[PDB]
Amino acid sequence: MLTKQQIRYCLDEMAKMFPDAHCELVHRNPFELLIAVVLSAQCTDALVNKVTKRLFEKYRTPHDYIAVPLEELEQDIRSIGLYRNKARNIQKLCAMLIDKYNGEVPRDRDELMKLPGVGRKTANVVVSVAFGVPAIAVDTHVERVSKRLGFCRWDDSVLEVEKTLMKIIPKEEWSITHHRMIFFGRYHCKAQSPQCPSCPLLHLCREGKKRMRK
DNA sequence: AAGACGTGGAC
DNA sequence: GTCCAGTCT
Ligand code: SF4
Ligand code: NA
């Protein structure tokens, strides 16, 4: 695995490559963000944004989601995929906000995780983007980039990846580094077509050198 | 704990 | 016709 100094070097470069990295999910408030991120699991941002475009016009509060039959909401988000479980989780999540959190999105990460459909990744995105709380959400891109570069071991859990980054990066930079890593993986270190040949980190990447040799 | 969930887009 | 875009039971 890379040394701390090297990992910081990698992150510094990603910042130069994607200085404008940000959350690409369209939302106007914390509630819309929460729904959007829940829908985002195993789905592309493009499709989530196309769907919420109309979804957020039809539904604006947790009462709107629980007022329609489950079958109706399922159709409204059908294009997202995993729509049966997500629609059910959303209705249960909205009922919980009303019953347990005074009808508002809680600002605590562990409290958010009590909502159905919300795991650690979802909760971290919400507290970070909506409430400015430092956190590192580890998704497919962050995990892949971390393992290819050697930030951690290939067998590490996503929690392990998260803890490794939290110890190497100043809390004040957690949120932006997370976004920079996501952009790096989404647009450069892609799952199917990584841009190794022109990568500024090729000189220290175990995965890159392994691919170039082939 | 492995396995189900799932449509849409990129090759 | 594969492969890629987290959470729950
Ligand atoms: S060398 Fe390739 S595998 Fe390594 S980080 Fe750059 S694009 Fe990703
Ligand atoms: Na949860």
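Order of the sequence lines sets the chain letters (A, B, ...), proteins ahead of strands, with each chain counted from 1. The figures here come from the full heavy-atom set of this structure, side chains too, leaving out hydrogens, waters and symmetry mates.
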A:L82, nearest nucleotide to its side chain (from C:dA5, B:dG6, B:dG9): B:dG6
Side-chain N,O (A:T140) to OP1/OP2 (C:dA5) below 4.0 Å: yes
side-chain contact (heavy atoms from CB on, under 4.5 Å) partners of A:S40, counting only residues at least two apart: A:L25, A:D45, A:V48, A:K121
Rounded interatomic separation in angstrom, taking CG from A:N85 and P from B:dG3: 18 Å
Interatomic distance, A:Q75 CD vs B:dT7 P [rounded to whole Å]: 11 Å
Sugar-phosphate, base or nothing in reach of A:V38, heavy atoms under 4.0 Å: nothing
B:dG8 to C:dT7 separation - P atoms, rounded to the nearest Å: 22 Å
Closest to side chain of A:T44, choosing from B:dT7, C:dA5, C:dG6: C:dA5
Residues forming a salt bridge (charged side-chain N to carboxylate O under 4.0 Å, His left out) with A:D76, sequence neighbours excluded: A:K58
Contact under 4.0 Å: A:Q42 side-chain N or O vs C:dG6 OP1/OP2: yes
Value in whole Å for how far the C1' atom of C:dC4 lies from CG of A:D139: 12 Å
Closest to the A:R84 side chain, choosing from B:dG6, B:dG8, C:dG6: B:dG6
Whole angstrom value for the distance that separates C1' of C:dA5 from CD1 of A:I80: 11 Å
Residue that, paired with A:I90, satisfies side-chain contact (heavy atoms from CB on, under 4.5 Å) out of A:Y65, A:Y83, A:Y59: A:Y65
Shortest side-chain distance from A:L47, nucleotide among B:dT7, B:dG9, C:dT7: B:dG9
Between C:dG6 (P) and A:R144 (CZ): distance, integer Å: 10 Å
Interatomic distance, A:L25 CG vs C:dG6 P [rounded to whole Å]: 11 Å
Nearest-neighbour nucleotide for the A:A191 side chain, B:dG6, C:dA5, B:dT7 considered: C:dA5
Candidates C:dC8, B:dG6, B:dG8 - which lies nearest the side chain of A:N89: C:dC8
Atom pair distance, as rounded to whole Å: CZ in A:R186 and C1' in C:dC4: 12 Å
Distance in angstrom units between A:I90 CD1 and B:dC5 P, rounded: 18 Å
Check against ring pair (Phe, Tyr, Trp, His ring centres under 6.0 Å), A:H22 and A:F183: CA-CA 8 Å; A:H22 56 289; A:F183 266 55; 5.5 Å; yes
Parallel, tilted or perpendicular: rings of A:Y187 and A:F18 (30°, 60°): tilted
